[PDB]
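First the structure, in the form of structure tokens, and then the observations on it.
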Amino acid sequence: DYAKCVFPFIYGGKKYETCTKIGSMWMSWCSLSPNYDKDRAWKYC
């Protein structure tokens with residue numbers, strides 16, 4: 001996929017694969033573009 005979830009991706013330079021709560025709320029999110037760095041590279045999961 002290239003508009004839903006690629007992986008592996010780089011959350012703000014943290015690196016991740018599947019979704020990730022990262023301290024969210026009983027859930028998590030996924031990264032759209034490969035590198036995240038905050039470049040609208042995600043969506044909540």
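How things are named: the first chain in the structure tokens is A, the next is B, and so on; residues count from 1 in each chain; ligands count from 1 in the order shown.
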For residue A:15, find every residue with an atom within 10 Å (counting only C-alpha atoms), except residues of its own chain fewer than 5 positions away, and show them as a short mmCIF file (atom, residue, chain, number, x, y, z; two decimals) with N, CA and C atoms, in the first residue's frame.
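Written file, out20.cif:
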```cif
data_model
loop_
_atom_site.label_atom_id
_atom_site.label_comp_id
_atom_site.auth_asym_id
_atom_site.auth_seq_id
_atom_site.Cartn_x
_atom_site.Cartn_y
_atom_site.Cartn_z
N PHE A 7 5.30 0.82 5.66
CA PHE A 7 6.15 0.02 6.60
C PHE A 7 7.27 -0.73 5.87
N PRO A 8 8.42 -0.75 6.50
CA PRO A 8 8.64 -0.07 7.79
C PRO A 8 8.71 1.46 7.62
N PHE A 9 8.27 2.18 8.62
CA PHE A 9 8.31 3.66 8.52
C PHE A 9 9.16 4.27 9.64
N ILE A 10 9.37 5.57 9.57
CA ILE A 10 10.20 6.24 10.63
C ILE A 10 9.44 7.32 11.41
N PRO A 34 6.83 6.53 3.99
CA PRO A 34 7.92 5.80 4.66
C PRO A 34 8.47 6.60 5.85
N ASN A 35 9.13 7.69 5.57
CA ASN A 35 9.69 8.50 6.68
C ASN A 35 8.56 9.34 7.25
N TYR A 36 8.55 9.47 8.54
CA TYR A 36 7.49 10.27 9.17
C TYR A 36 7.93 11.70 9.39
#
```
*Where in chain A does DSSP assign strand (DSSP E), given as a PyMOL selection string?*
chain A and resi 29-31+42-44
Writing out the chosen residues with C-alpha atoms as an mmCIF file, in the first residue's frame:
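Ended up saving to out_37.cif:
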```cif
data_model
loop_
_atom_site.group_PDB
_atom_site.id
_atom_site.type_symbol
_atom_site.label_atom_id
_atom_site.label_comp_id
_atom_site.auth_asym_id
_atom_site.auth_seq_id
_atom_site.Cartn_x
_atom_site.Cartn_y
_atom_site.Cartn_z
ATOM 1 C CA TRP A 29 -1.849 4.905 14.474
ATOM 2 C CA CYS A 30 -0.151 3.960 11.176
ATOM 3 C CA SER A 31 2.371 5.762 8.951
ATOM 4 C CA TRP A 42 0.243 9.096 9.159
ATOM 5 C CA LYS A 43 -3.324 8.486 10.174
ATOM 6 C CA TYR A 44 -4.677 7.181 13.425
#
```
*Identify, on the basis of only C-alpha atoms, every residue whose closest approach to residue A:26 does not exceed 12 Å; exclude the query and any residue fewer than 5 positions from it along the same chain; express the result as an MDAnalysis selection string.*
chainID A and resid 20:21 44:45
